[PDB]
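J.:
Number of protein chains: 2
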Amino acid sequence: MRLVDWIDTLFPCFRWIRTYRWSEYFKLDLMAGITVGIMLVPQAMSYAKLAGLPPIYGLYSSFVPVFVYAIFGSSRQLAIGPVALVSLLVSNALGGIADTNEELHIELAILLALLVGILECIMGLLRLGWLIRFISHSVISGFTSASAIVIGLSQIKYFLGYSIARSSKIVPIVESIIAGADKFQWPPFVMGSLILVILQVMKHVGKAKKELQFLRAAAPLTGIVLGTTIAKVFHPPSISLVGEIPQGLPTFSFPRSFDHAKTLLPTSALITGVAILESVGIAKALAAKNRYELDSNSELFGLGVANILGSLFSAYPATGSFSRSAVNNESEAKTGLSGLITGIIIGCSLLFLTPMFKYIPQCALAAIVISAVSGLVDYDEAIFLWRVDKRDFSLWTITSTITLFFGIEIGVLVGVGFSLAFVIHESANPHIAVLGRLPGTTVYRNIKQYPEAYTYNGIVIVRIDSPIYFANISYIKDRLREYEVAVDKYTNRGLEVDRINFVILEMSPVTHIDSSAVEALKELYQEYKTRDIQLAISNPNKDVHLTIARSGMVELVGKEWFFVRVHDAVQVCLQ
Amino acid sequence: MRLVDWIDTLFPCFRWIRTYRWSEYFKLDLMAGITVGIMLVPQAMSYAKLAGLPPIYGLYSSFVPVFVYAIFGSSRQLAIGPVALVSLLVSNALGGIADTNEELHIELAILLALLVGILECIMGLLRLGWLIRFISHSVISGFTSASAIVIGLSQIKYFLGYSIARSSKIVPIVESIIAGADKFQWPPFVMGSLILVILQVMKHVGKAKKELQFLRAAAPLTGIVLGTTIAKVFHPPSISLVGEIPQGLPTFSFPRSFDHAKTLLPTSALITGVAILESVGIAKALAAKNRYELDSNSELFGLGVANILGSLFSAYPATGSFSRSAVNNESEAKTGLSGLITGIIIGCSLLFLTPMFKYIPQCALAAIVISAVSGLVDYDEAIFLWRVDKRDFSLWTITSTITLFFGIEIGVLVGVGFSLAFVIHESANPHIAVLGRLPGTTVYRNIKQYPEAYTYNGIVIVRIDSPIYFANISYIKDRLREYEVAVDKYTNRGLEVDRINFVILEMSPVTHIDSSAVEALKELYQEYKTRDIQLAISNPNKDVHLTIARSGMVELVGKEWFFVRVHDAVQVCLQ
Numbered sequence: 070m071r072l073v074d075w076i077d078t079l080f081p082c083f084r085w086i087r088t089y090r091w092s093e094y095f096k097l098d099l100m101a102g103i104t105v106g107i108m109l110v111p112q113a114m115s116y117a118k119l120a121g122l123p124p125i126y127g128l129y130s131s132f133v134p135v136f137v138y139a140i141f142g143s144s145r146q147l148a149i150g151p152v153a154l155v156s157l158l159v160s161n162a163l164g165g166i167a168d169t170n171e172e173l174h175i176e177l178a179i180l181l182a183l184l185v186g187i188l189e190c191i192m193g194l195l196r197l198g199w200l201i202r203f204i205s206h207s208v209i210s211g212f213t214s215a216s217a218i219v220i221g222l223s224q225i226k227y228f229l230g231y232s233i234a235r236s237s238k239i240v241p242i243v244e245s246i247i248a249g250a251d252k253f254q255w256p257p258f259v260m261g262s263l264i265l266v267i268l269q270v271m272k273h274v275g276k277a278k279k280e281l282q283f284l285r286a287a288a289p290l291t292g293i294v295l296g297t298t299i300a301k302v303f304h305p306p307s308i309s310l311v312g313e314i315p316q317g318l319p320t321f322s323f324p325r326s327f328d329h330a331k332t333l334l335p336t337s338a339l340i341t342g343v344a345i346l347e348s349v350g351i352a353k354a355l356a357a358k359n360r361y362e363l364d365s366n367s368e369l370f371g372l373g374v375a376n377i378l379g380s381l382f383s384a385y386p387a388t389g390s391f392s393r394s395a396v397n398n399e400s401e402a403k404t405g406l407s408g409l410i411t412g413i414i415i416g417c418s419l420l421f422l423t424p425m426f427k428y429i430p431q432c433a434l435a436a437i438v439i440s441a442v443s444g445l446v447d448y449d450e451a452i453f454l455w456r457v458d459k460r461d462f463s464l465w466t467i468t469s470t471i472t473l474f475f476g477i478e479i480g481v482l483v484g485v486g487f488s489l490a491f492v493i494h495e496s497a498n499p500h501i502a503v504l505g506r507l508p509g510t511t512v513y514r515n516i517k518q519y520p521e522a523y524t525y526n527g528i529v530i531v532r533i534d535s536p537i538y539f540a541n542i543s544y545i546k547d548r549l550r551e552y553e554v555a556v557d558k559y560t561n562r563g564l565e566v567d568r569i570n571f572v573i574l575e576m577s578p579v580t581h582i583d584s585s586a587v588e589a590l591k592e593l594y595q596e597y598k599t600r601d602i603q604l605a606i607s608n609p610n611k612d613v614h615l616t617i618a619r620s621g622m623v624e625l626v627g628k629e630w631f632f633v634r635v636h637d638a639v640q641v642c643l644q
Numbered sequence: 070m071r072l073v074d075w076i077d078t079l080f081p082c083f084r085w086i087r088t089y090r091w092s093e094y095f096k097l098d099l100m101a102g103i104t105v106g107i108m109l110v111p112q113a114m115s116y117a118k119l120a121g122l123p124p125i126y127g128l129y130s131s132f133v134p135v136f137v138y139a140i141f142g143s144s145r146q147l148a149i150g151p152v153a154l155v156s157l158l159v160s161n162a163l164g165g166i167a168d169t170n171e172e173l174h175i176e177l178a179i180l181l182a183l184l185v186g187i188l189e190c191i192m193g194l195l196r197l198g199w200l201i202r203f204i205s206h207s208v209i210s211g212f213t214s215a216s217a218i219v220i221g222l223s224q225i226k227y228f229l230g231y232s233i234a235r236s237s238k239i240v241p242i243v244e245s246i247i248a249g250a251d252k253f254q255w256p257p258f259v260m261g262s263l264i265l266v267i268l269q270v271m272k273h274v275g276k277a278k279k280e281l282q283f284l285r286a287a288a289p290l291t292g293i294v295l296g297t298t299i300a301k302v303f304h305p306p307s308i309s310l311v312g313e314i315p316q317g318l319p320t321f322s323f324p325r326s327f328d329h330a331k332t333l334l335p336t337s338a339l340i341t342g343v344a345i346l347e348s349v350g351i352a353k354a355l356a357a358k359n360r361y362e363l364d365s366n367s368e369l370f371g372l373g374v375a376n377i378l379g380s381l382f383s384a385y386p387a388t389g390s391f392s393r394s395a396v397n398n399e400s401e402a403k404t405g406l407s408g409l410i411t412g413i414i415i416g417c418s419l420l421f422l423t424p425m426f427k428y429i430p431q432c433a434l435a436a437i438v439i440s441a442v443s444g445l446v447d448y449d450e451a452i453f454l455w456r457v458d459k460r461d462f463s464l465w466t467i468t469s470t471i472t473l474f475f476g477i478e479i480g481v482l483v484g485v486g487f488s489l490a491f492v493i494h495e496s497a498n499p500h501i502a503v504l505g506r507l508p509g510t511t512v513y514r515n516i517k518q519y520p521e522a523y524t525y526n527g528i529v530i531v532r533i534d535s536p537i538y539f540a541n542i543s544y545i546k547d548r549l550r551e552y553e554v555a556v557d558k559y560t561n562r563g564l565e566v567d568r569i570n571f572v573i574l575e576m577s578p579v580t581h582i583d584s585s586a587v588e589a590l591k592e593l594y595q596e597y598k599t600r601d602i603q604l605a606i607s608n609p610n611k612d613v614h615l616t617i618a619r620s621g622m623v624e625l626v627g628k629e630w631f632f633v634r635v636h637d638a639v640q641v642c643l644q
């Protein structure tokens, strides 16, 4: 194994190091990295506050994994760090375990990051990511919208100024807000409302214009730069600051709370599922847009390695960001260096900007989180689903409502269960076509023509428009037994009639068959002999023919009933 | 609603009452009922002993539900009562809950029967039985074989003569047997071995001959008639008798142990799943053999009603029997009256034969259970799978080994999970064909001919041989993006080359498309415009065309790129 291949195998970053056009790529990467870091620092602190951890642990979650991802990540525009959904899930798990320790929370979050990284590395090495991508996008969209509403209603407590009941359901949150309304304060609410209005106005102006689009990245910072100013001029009494923030880079430390690890598998999987469904999707979309190759397994392995190293350096789970990756995308980011620069910015903060961070009001961070999650309430997809596919709209509405009123875990379980139910329903109801004229197709909808001869009395030609395996064998057995039922009805009448003498199976679209398929075929052949019906096979696939010959069906039904076309099969059936 | 329709709707039994040919049907039904009752009484007591309940509760489980099933059951040959697998599952649940109460066991079993009946009625009314039939037959066969081995190794303790450790795993059972080998007794082992040998010889002789086939039904009784005789002549000291058995029909009593009901849902579902997979399968096979209609939903409703009434009359869950239903089948049973007569026989025992039952040795019942489950070790299917389908053989072996060494619940979970994994793998990897000549098909395997013109430079014709929905949309997106990757590779070379200008989709086999399909199609069209590739739709289905028009794809890509055939599409692409 030479170095040129071994290095590329272990370090995917070199995939863009060798093909690096310095002149334009360096300037574009530097600008994109600076922009993403500026957008990220306040967002990192706000998301850390959302998860229940002290704000500094957001910056850690952006420092070490980013440097790791830029070395082990396949995507060249994806931005790695805290996100709203993963922070919400981490907060959910920690609150379900620890109440007010403020010290077990940190260790639990770091252990959760380590478990998520290990699960991601396992699912990337084994290439088991396809086991999750069966979940419909409507379910994910509804769950994300409900999570966004829950996040906003949880963060409104900083605007109100009094602590509210901590829960993931809307009803207890609203009940607590109503109960505590007697402790309302005007200064924090006014500050939060003004900051949120300014942030949303800046974001809308940036998205409306094509050239003045950097405001989206400068919106989270500017609000703080605004809010702190009022905190340093008028000094409102009822506002709260983030307090002292430790200064310095995080140090190496193995997790010490493995005793709760078994409690964290249900969350560690869930977060990992998000990375399979959202982060990998963002990476693939960006790769398709930017004309480079990407695979869903190496990306998961890179995310897992980044999470593992972040856990080793006091970080909580970090995945791809819908907002930051986009902002990187229109910043003309070319390689993964834009990540490294971003990380460097974080490091600079951890060395120089922490003393100035203690004057940031908490309502400003709450407003930043609210602005970030306002774009996650994705009702446009709900309208689109209502217009196009009402089954998908029903799935979206059910998932959103259940996640809103019941827990996050209940909503996730309902969404996954409904997706599995619909997958099983589709697998268990294959399309079966009753063919008419020999070079023809389904008579019910496709072709109604009569080229002087369309169907033959006594012969039924059936095509199974799918591979036959254990999931759909029962439906096929029932459909083929309908002809026996028709024969029984004919023989049970008061007059002698029999219009089913031969049944021909078109197995040309049948890609493959398993043992259940040949067993059922033998059973139906025996039942047809009981009913005096002849079974024929028309267009066996090579693999299908080999399986049929191995199972002994050819000897049971006779070699003379196996053909290569429908024309000769029907011709010998008439004779 | 007239009586002729209402009565038939509520009471399916009348389906065979109206069409009843007295002369032959009465004699055949009477003989079949007597035969099944004779085979059932000892089997009922033996299975009740297997479940951990006192033997009499087997007879109850054959008395009231049978009379109910004959009124509410759709099958005319199915025999309802205790079975080996359901008894094993009931014993597993009870031992997991109650250790040696011998009184909470009865109430727990009756409550389990009520819960099973309610779940079956719910799944029959809602017609949700298709949610379970995706499980492969190999998984069920392996689980049943492992359960049979576990049942035999649990029942060998009566042969040994000393109590062994109660578990559902082979290793603790063998360890306990080795530990207790110092308490071995010769009389019970000799009695059990002789009874088992006689039973197996009788069963083999009955199955070998065509006319002397009643011995299979007389084997369980004869052994008792044998064993008791030695218990009444030589009186061995170390043998154990079933003891006093209460006399009389069971009385009405609602369950009183609802407090454990939530613990019993995981078992109540599992047993119900068995009824969906095994009992309904037996009913459908018998109906197909005997030339009458049967549906999988009314049968589940009848089983649920029978279970509910049995629970109301002190019975534990009862489903269809592989052995007794067969014995009914070659006994020329025609209607459901054969069930009623069988039940009557049970009633006679409960009125007259209970005093004579106290002399039955326990080793005789153990031998009966061992003989009953010896036929459930279904290695013939394992050999068949090894010969035909090695994936199914691997599933069978994994399920059997895990159920043998680990718990029943772990084996069930592994089997269901592997079946789901394979269903998802099949759904997520649809077949996509690269067509050659216009009235042609897949070029890789199907057709290699060259009718003077087969493929065109610059044009790729792709057919998706499946409906497009949320499960397989990712694979289709990747397959369609492979052409973009090829274009990128062509443009990244040292020479100017571009051999992908048009991509045509054959959507004739695409039965239907959902919202995810049209969203992905729009995304791929936009990416093709980025790569300067034209997207065309060749054979849209009527529903597919309607969905495409509703989603706005026709306006986005242009109406001029929608056709009805591949010939004209390629003709306009060349021009």
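Quick note, the sequences are listed as chains B and A, same order. Following the entry's author numbering, the numbering of the first sequence begins with 70 at its first residue and continues without gaps. Following the entry's author numbering, the numbering of the second sequence begins with 70 at its first residue and continues without gaps. A virtual CB, placed ideally from N, CA and C, is assigned to each residue, including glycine.
#1: Between A/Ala167 and the rest of its own chain, which residues show a CB-CB distance below 8 Å, the 5 nearest in sequence each way excluded?
#2: What residue ranges within the stretch 223 to 264 of chain B form continuous alpha helix (DSSP H) runs of no fewer than 4 residues, ordered along the chain?
#3: B/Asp534 versus chain A: which residues are under 7 Å apart at the beta carbon?
#4: Under 7 Å between beta-carbons, which chain A residues line up against B/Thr616? List them in chain order, please.
#5: Would you say the stretch 184 to 191 of chain A touches the stretch 440 to 454 of chain A, given that touching needs at least three Cβ pairs under 8 Å?
#6: Under 7 Å Cβ-Cβ, which residues of chain A neighbour B/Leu72?
#7: Can you give me the C-alpha to C-alpha distance between A/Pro424 and A/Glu313, rounded to a whole angstrom?
#8: Would you list, in chain order, the members of the stretch 607 to 640 of chain A that have their beta-carbon closer than 7 Å to a beta-carbon of chain B?
#9: Can B/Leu507 and B/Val633 be called in contact, C-beta distance under 7 Å?
#10: Please determine if the stretch 211 to 224 of chain A and the stretch 437 to 446 of chain A are in contact, where contact requires at least 3 C-beta pairs separated by less than 8 Å.
#11: Below 9 Å on C-beta distance, what does B/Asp461 contact in chain A?
#12: Keeping to the same chain, check which residues put their C-beta closer than 8 Å to that of A/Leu334; ignore five residues upstream and five downstream.
#13: What did DSSP end up calling A/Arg619 once you bin it into helix, strand or coil?
#14: Below 8 Å CB to CB, which residues in the same chain sit around B/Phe80 once its five sequence neighbours on both sides are set aside?
#15: Determine which residues share a DSSP beta bridge with A/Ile533 and list them.
#16: The beta strand (DSSP E) with A/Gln603 in it runs from where to where?
#17: Touching or not, the stretch 112 to 126 of chain B and the stretch 414 to 432 of chain B, by the rule of three or more beta carbon pairs under 8 Å?
#18: Measure the C-alpha to C-alpha separation of B/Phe203 and B/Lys358 and round it to an integer number of angstroms.
#19: CB B/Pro289 to CB B/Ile437, shorter than 7 Å?
#20: Whole beta strand (DSSP E) runs in the stretch 458 to 515 of chain B with 3 or more residues, listed along the chain?
#21: For the stretch 547 to 559 of chain B against the stretch 531 to 550 of chain A, do three or more pairs of beta-carbon atoms, one drawn from each stretch, fall closer than 8 Å, so that the two count as touching?
#22: Nearest chain B C-beta to A/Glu347 closer than 7 Å, yes or no?
#23: Do you know offhand how far A/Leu464's Cα is from B/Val349's?
#24: Of all Cβ atoms in chain B, is any one closer than 7 Å to the Cβ of A/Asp449?
#25: Looking only at its own chain, which residues have a Cβ that is under 8 Å from the Cβ of A/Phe462, when we skip the five neighbours before and after it?
#26: Please classify A/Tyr594: is it buried, with 16 or more other beta-carbons within 10 angstroms of its beta-carbon, or exposed?
#27: Determine the DSSP secondary structure at B/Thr298, reduced to helix, strand or coil.
T.: Put simply:
#1: For A/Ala167, where only same-chain residues beyond five positions count, the Cβ hits under 8 Å are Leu173, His174, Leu177.
#2: DSSP runs (the alpha helix (DSSP H)) wholly in the stretch 223 to 264 of chain B: 239 to 249.
#3: Within chain A, the residues placing a beta-carbon under 7 Å from that of B/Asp534 are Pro578, ordered along the chain.
#4: Using a Cβ-Cβ cut-off of 7 Å, B/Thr616 is close to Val457 of chain A, given in chain order.
#5: Judged by pairs of C-beta atoms under 8 Å, the stretch 184 to 191 of chain A does not touch the stretch 440 to 454 of chain A, as fewer than three such pairs exist.
#6: Below the 7 Å Cβ cutoff, chain A contributes no neighbours of B/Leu72, its closest Cβ being approximately 24 Å away.
#7: The C-alpha of A/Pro424 lies about 8 Å from the C-alpha of A/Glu313.
#8: Result list: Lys611, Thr616, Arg619, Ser620.
#9: Their beta carbons are not under 7 Å apart, which means B/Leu507 does not touch B/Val633 by this criterion.
#10: Taking 8 Å as the limit for Cβ pairs, the verdict is that the stretch 437 to 446 of chain A does touch the stretch 211 to 224 of chain A.
#11: Those within 9 Å of B/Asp461 in chain A are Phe539, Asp583, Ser584, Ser585.
#12: The beta carbon of A/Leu334 sits closer than 8 Å to the beta carbons of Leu184 from its chain, once the five residues preceding and following it are set aside; these are given in chain order.
#13: Correct three-state label for A/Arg619: helix.
#14: Take B/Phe80, set aside five residues on each side of it, and the residues of its chain with a beta-carbon closer than 8 Å to its own are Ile140, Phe141, in chain order.
#15: For A/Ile533, which the question treats as bridged, DSSP gives the partners A/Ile501.
#16: Looking at the DSSP string, the run of the beta strand (DSSP E) that includes A/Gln603 is 603 to 606.
#17: Segments in contact, yes.
#18: C-alpha of B/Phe203 to C-alpha of B/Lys358: approximately 23 Å in a straight line.
#19: It is a contact, given that the beta carbons lie within the stated cut-off.
#20: Entirely contained in the stretch 458 to 515 of chain B, the beta strand (DSSP E) runs reaching 3 residues are, in chain order, 501 to 504.
#21: They do not touch, by the three-pair rule.
#22: Answer no: the Cβ-Cβ gap between A/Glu347 and chain B never drops below 7 Å.
#23: In a straight line, the C-alpha of A/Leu464 is about 31 Å away from that of B/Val349.
#24: Put simply, the CB of A/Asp449 is far from chain B, with every gap to its CB atoms at 7 Å or more.
#25: Non-local beta-carbon contacts of A/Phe462 in its own chain, meaning distances under 8 Å to residues more than five positions away in sequence, involve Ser207, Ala451, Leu454, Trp455 in chain order.
#26: It counts as buried.
#27: Reduced to three states, the DSSP call for B/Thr298 is helix.
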